[PDB]
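All letters in the sequence shown, in the order written, are residues -4 to 125, 127 to 261 by the entry's author numbering.
Every residue, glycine too, gets a C-beta built ideally from N, C-alpha and C.
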Amino acid sequence: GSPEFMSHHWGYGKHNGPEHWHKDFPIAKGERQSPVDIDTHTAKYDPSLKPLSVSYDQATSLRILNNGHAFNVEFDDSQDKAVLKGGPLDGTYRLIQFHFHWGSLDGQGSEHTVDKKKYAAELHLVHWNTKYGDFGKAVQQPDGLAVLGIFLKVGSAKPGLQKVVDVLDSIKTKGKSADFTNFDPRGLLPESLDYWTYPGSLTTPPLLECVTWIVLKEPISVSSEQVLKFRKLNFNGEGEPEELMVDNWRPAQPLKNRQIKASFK
Ligand SMILES: *C[n+]1nc(-c2ccc(F)c(F)c2)c[n+]2c1NCC2
Ligand code: NA
Ligand code: NA
Ligand SMILES: [Zn+2]
C-alpha cells in the first residue's frame, strides 16, 4: 500500500503534501515561512552586507541517504571543517548536509522563485550555528541555521555534480544509504557568491523558523541528464509500490513582514 492508504505522514503527494502540512505543523502558516518568491526589483541592496565566506576545503563528506523525501549528503559536523560565515551572519555555521528539491519536468522544481520564474531544481546546503552546540539545539533558535540555496538551470552539465548523479542507482529507495566519502561540495557552487538574504524557515516539516536564508544570484547549469536521473529515485521503500521521487518542493509562501536584501546592485 502506498502512503495515502496507510499513513498521513507528511510528503509531497496530493493527500499529504504542502497544503496538508499545517494540520500537524501549524507553524506552516507562521510569520517567517519559506520558500518565498524573490522579487528582484524590490529586494533592497544593503551595503552593510559582507561577502560570504565559504570554507569547505577541509570538509568531510560521509554518506548519501535516501530519506523518503529527498537524498541527503551528510558531513562530519563535529569540528569547524566546513563552515559558512560572513555575509549576513554574525557567527560560524557548520555544514551538516546538503540536499536538493526538483520537479517532474524541467520547468518546475525550485522552492524559491525569482520574479515568479522556477528553476529545475534547488540545492540547499544546511549549516548550524556553533554557539548552540548541536543541530537539535540550533533549531530551537531564531538564528540557529544558515542555508545556502543555489538554483539549478538546465543547460550544460555540472561536472562537480556528476558523482552525486552516478551513485543514485545505489540508493533508489527510502532507507538506503551508500558511502559518499571524498566528495568536494565546492564543485556545486557557481562562480559568483552574490546573494539575496532573508529570515525564514525549514521548507520541510517541522518547518521551524530558524533559518537565515542566503540564496545565490547565479544559478548553476546542470544537464537534463543529471536532473532526470534524480527523478528515477523512489519515495517508497524497497518492496513497496513504486512512487517516483519528483516534485519534492514546497511552493512559495507569503512574504509577510519581511524585505529581502541583496548583497549586490
Ligand atoms: C500495500 N498495502 N496495502 C494495505 C491496504 C489494506 C487495506 C490498503 F483498504 C488498503 F487500501 C486497504 C495494507 N498494507 C499494505 N502493505 C502492508 C500492509
Ligand atoms: Na583534512
Ligand atoms: Na546580520
Ligand atoms: Zn531543502
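Check: Per-residue burial, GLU239 [other beta carbons within 10 Å of its own, 16 or more giving buried]; Outcome: buried
Check: DSSP beta-bridge partners of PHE66; Outcome: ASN61
Check: Span separating the alpha-carbon of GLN137 from that of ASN124; Outcome: 9 Å
Check: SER43 classed as buried or exposed, judged by whether at least 16 other C-beta atoms fall within 10 angstroms; Outcome: exposed
Check: Quiz: which residues have CB nearer than 6 Å to ligand 4 non-hydrogen atoms; Outcome: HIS94, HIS96, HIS119, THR199
Check: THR177 CB to nearest heavy atom of ligand 2 below 8 Å; Outcome: no
Check: As assigned by DSSP and simplified to three states, the class of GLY196; Outcome: strand
Check: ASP85 beta carbon near ligand 3 (any heavy atom closer than 8 Å); Outcome: yes
Check: Helix, strand or coil at residue 269 [DSSP, three-state]; Outcome: With the chain covering -4 to 261 only, the question about residue 269 has no answer from this structure.
Check: Cα-Cα separation between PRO13 and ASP243, rounded to whole angstroms; Outcome: 11 Å
Check: For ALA116, the nearest candidate out of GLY132, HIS94, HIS122 (CA to CA); Outcome: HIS94
Check: Sub-9 Å separation of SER259 and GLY145 beta-carbons; Outcome: no
Check: Cβ neighbour criterion (16 or more within 10 Å) applied to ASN230; Outcome: buried
Check: Chain-ordered residues, beta carbon under 5 Å from a heavy atom of ligand 1; Outcome: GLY(-4), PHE0
Check: For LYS18, the residue or residues it bridges with in DSSP; Outcome: Answer by DSSP bridge pairing: none, since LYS18 is not bridged.
Check: Nonlocal neighbours in the same chain, by C-beta distance under 8 Å from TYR7, ignoring five residues either side; Outcome: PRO13, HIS64, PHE231, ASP243, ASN244, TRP245
Check: Identity of the residues DSSP links to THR208 by a beta bridge; Outcome: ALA142, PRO195
Check: Residues near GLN249 in its chain [Cβ-Cβ closer than 7 Å; skip 5 each side]; Outcome: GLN28, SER29, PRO30, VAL31
Check: Cα-Cα separation, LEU79 to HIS10; Outcome: 37 Å
Check: Presumed contact (8 Å Cβ cut-off) between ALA153 and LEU84, rounded CB distance; Outcome: The Cβ separation is near 32 Å, so there is no contact.
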